[PDB]
């Protein structure tokens, strides 16, 4: 099997969500919102180091459809097959007396976290159906898209008077506290600020962002899901953060963004062998991401793709967050004529690779990758998509 997976269009997700809502609450929902998943083109394990990242939002998205309530109740239904039980859930709005807490089902910890830290009041209660085409925990940020869709819904109930970064950070806080995943800010930011036909260069120190056109009929972004997820993934992520902090402290730096590749080379003995390799990835990856944005600006897909491949080797050998399945998928992809570059994307230890290629080479690329992969790969061909949006029903 080597054809791209169906990507449900928005009209399909809306129809499903409204049918599930009518059938469950006996009336037509009044509001719809959505927020997408994402793929990171380059700039991996840099966001929590205040570095640069270059993601784009995907046509895979999460949809909320719902209505405000007057009884201070939050009533949730999700139609997503792989969400853990129960898929119906209710709880009253938190107060200074009773705050929400992480519990079961896990998929609602994302919604609760966001309601809990939502910065404006008064928030009414609401009824809402959650649908999503983002493969749950597939490495394309299903949780961030649920958080951001929830945030975008709350804004319709109680407008915040805030900024995009504040919203991303609310959603990042929910991830940290209600899901126990100490992520950076990239996934929430792109889900919030994506735009069709654009990648988003995010400066995670200044919080400056740039919408870089990424729309060329002859260019494709191929996402390949390894469909494996090593247990190591969850546990090594904080180990990598902590190794990064060690090097930053040793160089007297607020973060590794403040550390130049040449300052690192000059301070080997102040840090371990492993910590040095981890910082060398991060420092070089920040520089590669800036160079990739420039390459994209001039339409230099060959240079962009070479930087991707250097990003992969750095992640495999210096940061050690790849795995044999990702490495095989990358090497397979790079043997296909028309492919500019390929690399793991997201956190690592499983999940997806991202491949930049000539659009006409996509059918060959998918066949060749599948035939040279010991597992069962899944594929997405995605254009750069919109971030969070609202449709009044």
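Note that the rigid core is defined as the largest set of C-alphas that superpose within 1.5 Å between two forms. Positions refer to the first chain, counted from 1.
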Original post:
Looking at C-alpha RMS in 7 other deposited structures of this protein with the core superposed, is it 182 to 190 or 238 to 246 that drifts more?
Top reply: 238 to 246
Original post:
Once the rigid core is matched, which of the two stretches, 362 to 370 or 46 to 54, lies farther off on average in 7 other deposited structures of this protein by C-alpha?
Top reply: 362 to 370
**OP:** Using the B-factors recorded in the PDB entry, average over the C-alpha atoms of 22 to 30 and of 60 to 68, then report which stretch comes out higher.
**Re:** 22 to 30
**OP:** Determine, for stretches 272 to 280 and 139 to 147, which one has the higher mean CA B-factor as deposited.
**Re:** 272 to 280
**OP:** Name the residue from 197, 305, 238, 184 with the greatest C-alpha temperature factor listed in the entry.
**Re:** 238
Subject >> Highest-ranked of 245, 203, 318, 263 once sorted by CA temperature factor in the record >> reply: 263
Original post:
Ranked by Cα temperature factor within the chain, is residue 166 in the lowest third, the middle third or the highest third?
Top reply: middle
Original post:
How does residue 230 rank on Cα B-factor within its chain, lowest, middle or highest third?
Top reply: highest
Original post:
Would the CA B-factor of residue 109 place it in the lowest, middle or highest third of its chain?
Top reply: middle
**OP:** Classify residue 180 as lowest, middle or highest third according to the C-alpha B-factor given in the PDB entry, relative to its own chain.
**Re:** middle
Subject >> For residue 295, the third of its chain into which the C-alpha B factor falls >> reply: lowest
